[PDB]
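Only one chain comes next, encoded as structure tokens, the form deposited in one PDB entry.
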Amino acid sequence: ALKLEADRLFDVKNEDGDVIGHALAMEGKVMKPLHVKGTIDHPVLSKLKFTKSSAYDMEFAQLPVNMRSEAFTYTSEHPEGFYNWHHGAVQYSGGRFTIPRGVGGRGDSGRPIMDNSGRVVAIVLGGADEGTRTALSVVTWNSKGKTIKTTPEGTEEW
């Protein structure tokens, strides 16, 4: 098994170039957290017209007809249990996505949370530490395609 995958996740860098977040190709759009102020490290995508959505901390542009195939697929069905992401397992329980305390932070915004079949279940924006864990502030859509934004008490944007 070699992890040969398309180009879907892109870096968003700051003025000096630090990676402060992530942008993703999904369901025909390039999307990144609105609070993430930087540029998308991509010669084509950094030149697109991004539409803003303050209510959900989302910014998005339409994917170039070409790239539209190199993208993630969303899913609105998330039974409880364990999910995958860049740093490991993500536990979904009580309608909340949690990761161990001291794992998430700056740079992790824009990152997706996947299921085993490789579908996106959510997009990380920030987290609120609660005891031994951290409750994530994510964006998720429902079965009727409606965007929903869950933000725990005292969530710090990553």
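Between two forms, the rigid core is defined as the largest C-alpha subset superposing within 1.5 Å. Each residue number is its position in the shown sequence, starting from 1.
If you look for the form deposited in another entry, you will not find it shown, but the lines that follow are about it.
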(request) Spell out whether the Cα of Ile148 moves at least 2 Å between the shown form and the other one when the two forms are superposed on their rigid core. (result) yes
(request) Using the form shown as baseline, tell whether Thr150 and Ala55 are closer or farther in Cα-Cα distance in that other deposited form, where the change reaches 3 Å or more. (result) closer
(request) Please say whether the CA atoms of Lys146 and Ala71 come closer or move farther apart in that other deposited form, knowing the change relative to this form is 3 Å or more. (result) closer
